[PDB]
Amino acid sequence: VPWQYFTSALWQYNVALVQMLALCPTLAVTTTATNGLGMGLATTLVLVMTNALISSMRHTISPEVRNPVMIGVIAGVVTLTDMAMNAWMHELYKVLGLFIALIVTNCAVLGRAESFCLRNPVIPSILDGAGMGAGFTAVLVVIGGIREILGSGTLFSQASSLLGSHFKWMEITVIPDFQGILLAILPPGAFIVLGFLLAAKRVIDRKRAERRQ
Amino acid sequence: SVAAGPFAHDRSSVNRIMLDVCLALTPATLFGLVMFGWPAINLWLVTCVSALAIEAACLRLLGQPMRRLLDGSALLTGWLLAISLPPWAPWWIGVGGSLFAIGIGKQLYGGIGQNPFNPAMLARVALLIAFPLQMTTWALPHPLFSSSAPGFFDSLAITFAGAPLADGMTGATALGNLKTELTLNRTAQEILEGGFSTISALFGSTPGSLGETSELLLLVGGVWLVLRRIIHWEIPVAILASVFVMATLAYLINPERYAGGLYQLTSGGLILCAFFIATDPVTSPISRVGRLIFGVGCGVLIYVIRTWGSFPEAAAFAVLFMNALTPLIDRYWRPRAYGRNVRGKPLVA
Amino acid sequence: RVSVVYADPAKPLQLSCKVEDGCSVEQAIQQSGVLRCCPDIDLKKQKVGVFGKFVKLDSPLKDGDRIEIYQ
Amino acid sequence: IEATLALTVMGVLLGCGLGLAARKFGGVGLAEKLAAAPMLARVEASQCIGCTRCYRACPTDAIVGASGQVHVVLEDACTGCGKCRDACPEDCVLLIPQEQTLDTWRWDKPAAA
Amino acid sequence: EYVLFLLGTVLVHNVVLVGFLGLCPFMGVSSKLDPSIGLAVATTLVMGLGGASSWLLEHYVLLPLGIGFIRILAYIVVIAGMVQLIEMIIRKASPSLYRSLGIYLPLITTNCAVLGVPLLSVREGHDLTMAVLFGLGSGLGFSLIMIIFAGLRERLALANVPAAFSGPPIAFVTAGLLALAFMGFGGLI
Amino acid sequence: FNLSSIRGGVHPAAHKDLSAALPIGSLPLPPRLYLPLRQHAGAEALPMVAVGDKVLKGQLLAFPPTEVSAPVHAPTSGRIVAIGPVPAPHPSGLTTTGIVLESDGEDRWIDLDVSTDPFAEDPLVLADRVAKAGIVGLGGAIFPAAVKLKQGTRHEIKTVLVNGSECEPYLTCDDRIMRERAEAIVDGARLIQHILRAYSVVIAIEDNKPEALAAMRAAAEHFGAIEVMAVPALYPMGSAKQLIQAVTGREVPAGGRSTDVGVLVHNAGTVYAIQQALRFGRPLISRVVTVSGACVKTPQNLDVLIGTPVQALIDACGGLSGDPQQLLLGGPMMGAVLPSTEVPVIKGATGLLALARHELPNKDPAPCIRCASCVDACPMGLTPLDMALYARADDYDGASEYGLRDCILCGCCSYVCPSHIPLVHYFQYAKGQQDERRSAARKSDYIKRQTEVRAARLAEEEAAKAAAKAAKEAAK
Amino acid sequence: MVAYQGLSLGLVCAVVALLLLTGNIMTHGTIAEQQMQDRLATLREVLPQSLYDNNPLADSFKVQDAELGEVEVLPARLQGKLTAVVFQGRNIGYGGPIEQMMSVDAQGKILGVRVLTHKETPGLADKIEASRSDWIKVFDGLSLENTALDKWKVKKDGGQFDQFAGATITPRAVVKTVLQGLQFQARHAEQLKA
Ligand SMILES: CCCCCCCCCCCCO[C@@H]1O[C@H](CO)[C@@H](O[C@H]2O[C@H](CO)[C@@H](O)[C@H](O)[C@H]2O)[C@H](O)[C@H]1O
Ligand SMILES: CCCCCCCCCCCCO[C@@H]1O[C@H](CO)[C@@H](O[C@H]2O[C@H](CO)[C@@H](O)[C@H](O)[C@H]2O)[C@H](O)[C@H]1O
Ligand SMILES: CCCCCCCCCCCCO[C@@H]1O[C@H](CO)[C@@H](O[C@H]2O[C@H](CO)[C@@H](O)[C@H](O)[C@H]2O)[C@H](O)[C@H]1O
Ligand SMILES: CCCCCCCCCCCCO[C@@H]1O[C@H](CO)[C@@H](O[C@H]2O[C@H](CO)[C@@H](O)[C@H](O)[C@H]2O)[C@H](O)[C@H]1O
Ligand SMILES: CCCCCCCCCCCCO[C@@H]1O[C@H](CO)[C@@H](O[C@H]2O[C@H](CO)[C@@H](O)[C@H](O)[C@H]2O)[C@H](O)[C@H]1O
Ligand SMILES: CCCCCCCCCCCCO[C@@H]1O[C@H](CO)[C@@H](O[C@H]2O[C@H](CO)[C@@H](O)[C@H](O)[C@H]2O)[C@H](O)[C@H]1O
Ligand SMILES: CCCCCCCCCCCCO[C@@H]1O[C@H](CO)[C@@H](O[C@H]2O[C@H](CO)[C@@H](O)[C@H](O)[C@H]2O)[C@H](O)[C@H]1O
Ligand SMILES: CCCCCCCCCCCCO[C@@H]1O[C@H](CO)[C@@H](O[C@H]2O[C@H](CO)[C@@H](O)[C@H](O)[C@H]2O)[C@H](O)[C@H]1O
Ligand SMILES: CCCCCCCCCCCCO[C@@H]1O[C@H](CO)[C@@H](O[C@H]2O[C@H](CO)[C@@H](O)[C@H](O)[C@H]2O)[C@H](O)[C@H]1O
Ligand SMILES: Cc1cc2nc3c(=O)[nH]c(=O)nc-3n(C[C@H](O)[C@H](O)[C@H](O)COP(=O)(O)O)c2cc1C
Ligand SMILES: Cc1cc2nc3c(=O)[nH]c(=O)nc-3n(C[C@H](O)[C@H](O)[C@H](O)CO)c2cc1C
Ligand code: SF4
Ligand code: SF4
Ligand code: SF4
Ligand code: SF4
Ligand code: FES
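Residue numbers (our numbering), protein chains in the order written: chain E, 1 to 213; chain Z, 214 to 562; chain P, 563 to 633; chain B, 634 to 746; chain V, 747 to 935; chain Y, 936 to 1411; chain H, 1412 to 1605.
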């Protein structure tokens, strides 16, 4: 079933939690949940489009120059994405900054374009890209929410100005009247949170295996 | 199961070493506690008790034997963190520092003997980064039973809860004051002539941390530790010599901008870090040349970030950097074996 | 340089002895000292072989041979 | 336009260079990977009738003996490959695990710290 | 002066602890010291070459023709090709040399650092010399951090880390603490 | 010369003053003796006698099968009753091949082959005379003395060192053997100096034995080149590698023998045994042991025949005045736990310590704090903490790099460890695992070579026979 | 043949370049409009709408002085009579230079000061920003007439402006920048004063 890939890529093979890929945007643009959600959505869109293009162009890539071709097929698309969200989502573009342009070198994107998109049809590749993007977005949302709560208390902030007023319902506040721990926002707060998330994933995987046993 | 030798052992133990280190720290801690009054006592007690409780909880979680709580490895960390904090600091600063050290810095790596970074300095850096306002408020010396220091319940309201410290009970120290007055286009000489006395600063009559103030009782404790074979003289000697040499050279080159020698030695937590904190066995080289390199690096980094950096004191940062650099020093400066050259090849005769 | 083996099931013995080139099985066994290890060895009665083939006492032996005394 | 021509020139130059280099001269995760009881024979005193089948099927020089009623016995060179098990019509070979002796004694690892 | 710029790039603005660039191979290969050293040398050379090529391409082709938005694609494309050559040329000319640079070279074809550094240097408007020095300094900082982290992880491998934290999670926590330690160099240069 | 300074070392409680007062005692003949056939290093000797034979004091019961071995002589006249399994002085407690001799009680000497003017013959004759005596180097290493002397003769020896610096705590056998028999030791040193053409002998004793120093100086004052030296009171000082450094000043190269620096080391008991064998022809039959500890009524030094059960020695010194906790065969720093009191006394047995509870330390292992007190005490200048870390993780190959090859298992590691860690136990376990792997590889190589040779010879024989048969049928 | 690889790479590059140029010609005007709108939004926080009629970011007249160097004065003329001038100032703080914006009216009264770029220590001297504290709103009616050259300092130096608890260098820098801006406006009359 084609839907197997979409569910399998969520937790069994996570880009940032299992394969140890896409760590730069995971650790950099995570100080707010909205930043993580926007980066995840952009990465998912780029992954879907690049996977579809590569699979449609599968039987045309020379074996020895495979990278500089496919990288181009990614790079230009990424450029377009920038030239989209710099024009109609400028508030989010100013926040992400360099890492919206740094999706060409995203290890997850090229890894999925090479490993799966060169030996699968267009529909399975699209579903695999969607699953990887969804998993990356979930990880980004979780880490951003944890860091934002530890640093300021609020969960999701300035979503109306960034993602549009339509998402205004997402602005919730946790721990009212809280100055927050400043270290969570800072770079030292990202590695520790990611390590704790990895440890929690290992613990829940072991407990789930025991329950299945 | 058969027993393996040897069947003889000296009179040594981790408990004795840790308790002797605490005994060496005792006189300077008493001098600090008496000088600043009740709030310092409250903060020190809270920090030590919280460190012990968190260590017990972490030992319970990991399943390690509770006897590990009786070796004094947690009480020493709490003691050093408490004497590193500002005197009239709130309780939550000490509790959070103890939680961040005993916890992430030590017990998250396995326990005693496994951590690669100094726990007390890790907690100090984390507290300074997270809460800069509470970690840059120094109380002037208000001696216990001096008719001007706050009473018992007034000190309780100062430490616990959030009663303001009023006015006239908080001032600037030496290093920060010198840097600020340098930013006020005043040369380095006039600042020290009318705002710094070496004799009073050496005794410990200046504002600062809880136990950092006195540079003489700490020296006595360090010397006593050295005579007891508990620490090695290489690290303290190297740190002090490097700081003094660099400071004296800078003073000689440009006396109107650099202050060096006695001013650098009798200011900040240089002596305490050199004797009791940079000599951490688990996070220091096990060789002799390694210890010399560790001390030289600590001294150079301390002086460089003191003078040209953005901090009035960087003993914790230098210690953390050298703890990071320690494994390479250990793996590249191993002692020579018997019957082999430095490269390890067998000798020829 | 040869070896002498006693195939006694109770205690399988094997010894290595250096002998002069062109020697005989009799002199090789005498030099090897297997007689003193087991006084119940009859060199005229029990079978003497090389690598599993019955041989003669004064037959010449080469380097790397294996004399064996068995029932 | 003057820009697409230059980009195409750069592209074809790079491609031809790569091709000529290949003539004359995956994934990140997989590339990281590249960068980074014995038994012995046993012969009883009755099941061996000197049928010399065990020596016949024993590539190692383990069984010593020939003829009949000589009670061939193994040596230390046995490996338990079993070439002599089915060889004997009377099922004489009695492969057993090696017994612990003084010369094969090693110290035990300390429990824990 | 240039020594101060190089030291500020190496310590004050480290490309990993305060830049978050090239973290995947950094966290994947730092388990062993020798691959860490090899990848450090390879990435230093690759970053220097890529910075030089990117500056030449931007200031001689892109800007004069008026097209700047293309830069990203052009940059990465050129870099990719260069890396391939630097592999194949060193996979026959010197077979012995294909054990310290050639093996780890494919790891940095798309690293986010060989592309992050040129893009950052573009915004500051560096000249050719400044761009080359910026690339080399970023490579040196990456190399030093990788070597230190490799030593730390090699020592932690033989320690009694709890079974729920041994491996990658303890590496991430150690990297966070190392960044906290490096935070003291801020404002020095 | 002038004493150098060795690196590292500890100062354990000597405990030598409670037993080095009484003279060397004597033992009544026990009923039966258990003589293991392997009391030495190298190959195991093969018995020459059968069950029920009558032997005399000095008969050669077992003879060496190869060059590196030592024969076994009958301690006393009697009848052989078993050639079978006997208990062994090992921590494991397993049995070993050995003879059982029932002491007749007459104690009649055999017709010994005495020499004539030992300072007249070539060194090789004296070397083989020592070879046919059972001298085994009563120093702990139990290496045959004949092989050592023969290897020394081929090289150039500039100094013969007598290792009289008894260093183990609780042990005083060398002290009395030098106090009472100084003349014999001096004569043996002179005989060794004649065997190995050398310059002088440098007999060394620790400074905590003033009586031994005075007696040795009084005995050797007229012979000239003989010298008596007073080495410091350090534990790892009796070791050959450390004593050579202390006396000569050089260091024995790694993976090399002591003859490289031109110095031969012999124990003070081995020298006496060599003197006895050369002068009178008496083989190595009895030695001197020390019975000490808080559990013994009267600690003493006993002249014990080889193969005497431990229980006889314990009963001789009054008896067990209390309850023991660990019975050690040797010094506390290198002793082995005796399984029972029925174990015999091999030539390598040095002591019979019976340690009480207040003499044995109580320990509680804790994680290493990296205090680096092991590095400051290791005589070989190693890093014991790293070796223990690599041995605990089963990385023996990485442990060998840090100095596991050069470790002598002296025990200075665990003696100065704040957090009590069995570092020596880890090192012994790692060395045992390495030896097991090496033995497996050696057996694999040997069996592969044997299979290749057997297959080649069988194939060539079959081909030759087939060719001969083909030639025969052609002429038919 | 090698021709296929080169042709493939060339075709990919050409198609991508064509698509990128189409996207750029589609979106560059919108990007420029967004940047201009962001600049206007930044300007509007210090200059109320009623005061100015013409476009402030169209009549920028760079002026040159003896201390600040070169400025970027934007007028806020209503019908030709200057009512306000907006410029920027830079001064060394603690963690680096601070860049702020001033909106001085035609009579010397400050209409509002905002800090654009700073690198002060968060949690200790971040109150200069208008989104966390009202301190930066102190300069709202002051001038060089009702405040002599004695109250334009922090209270540590004998002035009338409050200093942050545990931070004085940053208020010193901000007050010095404000005073220098007012003095610069006073020096250059007519064009900047009216
Ligand atoms: C995935 C790779 C990139 C491909 C991107 C695909 C998504 C692109 C979505 C483009 C959206 C088109 O929708 C675009 O909306 C903007 C909103 O400012 C409109 O722009 C509008 O700006 C202002 C504000 O309302 C109006 O005064 C103006 O008249 C109008 O042009 C455009 O007229 C319309 O073209
Ligand atoms: C799956 C989505 C992934 C997002 C990233 C991919 C780029 C997509 C670009 C095309 C987006 C068009 O998005 C649509 O545009 C309109 C204008 O027409 C935006 O409309 C709004 O955007 C901005 C966001 O800061 C608001 O501040 C502003 O008030 C308004 O212009 C909405 O956000 C959305 O309804
Ligand atoms: C290892 C030992 C750990 C010891 C842990 C002890 C924890 C409890 C400390 C004593 C209780 C403090 O209880 C705390 O009081 C504060 C202040 O009144 C209140 O806290 C409330 O106000 C404070 C700010 O003033 C903010 O955290 C927040 O707005 C809200 O939580 C709550 O009531 C409770 O968060
Ligand atoms: C909201 C919570 C988020 C948690 C985030 C961090 C994850 C931390 C969980 C892993 C922590 C490891 O800490 C501890 O590890 C030990 C391994 O010795 C596990 O195991 C321990 O407890 C279990 C019972 O539960 C015992 O059977 C076991 O012998 C003991 O070792 C513990 O269950 C875990 O608590
Ligand atoms: C073991 C208990 C827990 C100890 C740790 C927590 C202590 C918390 C202290 C909170 C202090 C509240 O603030 C403090 O309250 C105490 C009573 O509590 C007041 O104390 C008042 O009552 C006490 C008796 O109860 C009188 O003796 C005193 O003269 C009077 O001032 C102080 O005037 C006020 O400063
Ligand atoms: C970063 C490394 C260390 C991590 C430490 C773990 C976090 C420790 C708590 C950090 C909380 C910071 O937020 C801090 O919350 C405390 C409550 O504790 C508030 O404190 C408030 O309530 C407490 C009682 O609960 C009163 O004693 C205090 O006078 C009052 O201000 C502070 O006003 C606020 O600054
Ligand atoms: C056994 C260990 C030693 C135990 C000693 C305990 C007693 C310690 C008492 C000395 C500490 C306080 O004693 C003294 O107090 C006065 C106020 O009167 C402080 O203040 C004094 O010196 C400072 C200099 O900076 C100035 O403010 C001023 O000259 C004066 O007030 C001194 O800095 C402190 O030295
Ligand atoms: C600590 C162990 C290493 C010791 C190494 C010693 C090497 C150098 C020895 C010569 C040092 C001369 O050091 C010199 O001493 C003078 C006093 O005479 C000190 O100078 C001192 O007095 C001057 C005014 O007279 C003050 O402004 C100054 O702040 C104070 O330090 C300086 O520190 C240095 O200028
Ligand atoms: C491992 C050993 C390393 C030794 C390092 C030796 C090099 C460092 C000392 C020389 C640099 C001195 O650096 C000098 O000091 C100041 C702070 O005082 C630095 O820093 C200054 O400028 C920077 C950049 O605007 C800002 O952070 C701020 O304005 C200020 O801190 C300057 O860049 C330089 O003027
Ligand atoms: C830990 C240790 C302790 C030793 N103790 C002694 C000792 O007490 N007396 C001694 O003569 N040699 C001692 N030695 C050295 C050897 O036991 C022995 O002298 C040498 O290896 C061979 O000597 P031999 O041939 O005389 O037996 C010791 C060696 C080591 C490693
Ligand atoms: C001489 C000495 C110095 C020590 N210094 C420190 C220190 O600076 N910080 C700390 O947390 N523990 C210190 N300790 C306690 C112990 O070394 C520390 O818990 C190790 O980090 C245990 O992991 C010290 C112990 C000794 C014996
Ligand atoms: S095959 Fe069996 S019966 Fe025949 S010789 Fe071998 S053991 Fe004896
Ligand atoms: S098992 Fe194999 S090696 Fe062993 S005796 Fe039988 S045939 Fe020979
Ligand atoms: S036992 Fe080995 S490692 Fe330990 S001190 Fe002795 S020689 Fe050194
Ligand atoms: S003596 Fe023990 S605690 Fe000290 S370094 Fe050696 S093994 Fe570690
Ligand atoms: S290195 Fe993998 S995404 Fe940056």
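We put the beta carbon where it would ideally sit given N, CA and C, even for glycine.
Taking only three categories from DSSP, how would you classify H/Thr-1453?
Three-state DSSP puts H/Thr-1453 in a helix.
Cβ of Z/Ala-362 versus every heavy atom of ligand 5: is any distance shorter than 7 Å?
No; taking the cut-off as 7 Å, the Cβ of Z/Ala-362 has no heavy atom of ligand 5 nearer than that.
Counting only the same chain and skipping the five closest in sequence on each side, list residues whose C-beta sits under 8 Å from that of Z/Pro-356.
Here the set comprises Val-247, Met-248, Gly-250 and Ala-362.
Does the contact criterion of 3 or more C-beta pairs under 8 Å hold for the segment 780-790 of chain V versus the segment 812-825 of chain V?
Output reads no: the segment 812-825 of chain V does not touch the segment 780-790 of chain V.
Can you list every residue whose CB sits closer than 6 Å to some heavy atom of ligand 4, going in chain order?
This criterion selects E/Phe-196, E/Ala-199, E/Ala-200, E/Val-203, Z/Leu-274, Z/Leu-275, Z/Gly-276, V/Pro-908, V/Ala-909 and V/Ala-910.
Please list the residues of the segment 1161-1189 of chain Y that have a C-beta atom closer than 7 Å to any C-beta atom in chain Z, keeping them in chain order.
Answer set for the segment 1161-1189 of chain Y: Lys-1176, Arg-1185, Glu-1186, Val-1187, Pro-1188 and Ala-1189.
Have a look at E/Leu-21 and B/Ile-729 and give me their C-alpha separation to the nearest angstrom.
E/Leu-21 and B/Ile-729: Cα-Cα distance of roughly 53 Å.
Measuring only the C-alpha atoms, how far is V/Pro-908 from Z/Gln-320?
Spanning the two alpha carbons is a distance of roughly 9 Å.
To the nearest angstrom, how far is the alpha carbon of P/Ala-569 from that of B/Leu-707?
Between P/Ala-569 and B/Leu-707, the C-alpha separation is close to 9 Å.
Taking any Cβ of chain P, which residues in the segment 966-993 of chain Y have a Cβ under 8 Å from it, in chain order?
The residues in question are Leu-981, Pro-982, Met-983 and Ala-985.
Select from the segment 1529-1554 of chain H all residues with a C-beta closer than 7 Å to any C-beta belonging to chain E, and list them in chain order.
So the close ones are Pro-1533 and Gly-1534.
With a threshold of 8 Å between beta-carbons, can Y/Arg-1389 be considered close to chain B, or not?
Chain B, which has a Cβ nearer than 8 Å to the Cβ of Y/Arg-1389, makes this yes.
Is Y/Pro-1319 near ligand 14, in the sense that its beta carbon is under 7 Å from a heavy atom of that ligand?
Yes, since a heavy atom of ligand 14 falls inside the 7 Å radius drawn around the Cβ of Y/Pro-1319.
Measure the alpha-carbon distance for Y/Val-1163 versus Z/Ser-225 and round it to whole angstroms.
Their Cα atoms are separated by approximately 37 Å.
By the 9 Å beta-carbon criterion, what residues does the segment 349-376 of chain Z contribute toward chain E?
So the list is empty, because no residue satisfies the distance condition.
Any beta carbon of chain V sitting closer than 8 Å to that of B/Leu-651?
Judged by the 8 Å Cβ criterion, B/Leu-651 is in contact with chain V.
Report the residue ranges of all alpha helix (DSSP H) runs contained in full by the segment 520-549 of chain Z; include only those spanning at least 4 residues, in chain order.
For the segment 520-549 of chain Z, whole alpha helix (DSSP H) runs of length 4 or above, ordered along the chain, are 528-545.
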